[PDB]
């Protein structure tokens, strides 16, 4: 449950996407250290150039690696679902634009932690910030609000992602999320505050993304 998240864990990520009829596949790879909250991953677009901006995919592509202080270890639903893992469903609303519908399995296929995601995006404006590729290669820091569901013995989360546009404006992305266990902790109201860096591999010819995250828990 948590003994798995001592030390460093190799991570494998697979995204299967479809936005307005445009299909694409992404394979991620790297390491996570939940004890310090660190994520280090390289993503690869295995279908050529993406039909959507890389930052719009950041939230969808391992909250189990968030750092919970010892006084909040009770409230770590994510880890305690391991190995068996959990389903993570999201509907992501982009203001004045399309929406993403996602469903993911975050499970321990045992040496690696694996996140496999189905993504379908609909009703995106072709000259909007998304399909028009007008979003900066950035990612601001957000709080992620977590509450519990006795009903599915899972959790729910609410947060808004602020995407930087080349204008200097902000593209808002409202996230609504459900996490339920794949098989048999439930937390008090608390939040995850996230940080993210986006970069490139200067020797990578395919459309890719290098990502670094530090997520720690708080609010209790």
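Positions refer to the first chain, counted from 1.
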| Do a third or more of the other compared PDB entries fail to give coordinates for residue 49? | yes
| message | Among the other entries of this protein that were compared (only those with both neighbours built), does residue 185 lack coordinates in at least a third? | response | yes
| message | Between residue 34 and residue 35, what class does the number of missing deposited residues fall in: none, 1 to 3, 4 to 9, or 10 or more? | response | none
| request: Using none, 1 to 3, 4 to 9 or 10 or more, say how many deposited residues go missing between residue 70 and residue 71. | output: none
| Going by the B-factors listed in the PDB entry, is the mean over the C-alpha atoms higher for 164-172 or for 26-34? | 164-172
| query | Comparing 150-158 with 49-57, which has the greater mean CA B-factor as deposited? | reply | 150-158
| remark: Among 119, 144, 82, 114, the highest C-alpha B-factor in the PDB entry belongs to 82
| field | residue 94, C-alpha B-factor rank within chain (lowest, middle or highest third) | value | middle
| said: Please place residue 109 in the lowest, middle or highest third of its chain according to the CA B-factor in the PDB entry. | reply: highest
| residue 178's Cα B-factor: lowest, middle or highest third of the chain? | highest
| task | Tell me, lowest, middle or highest third: where does the Cα B factor of residue 139 rank within its chain? | result | lowest
| C-alpha B factor of residue 124, ranked within the chain: lowest, middle or highest third? | highest
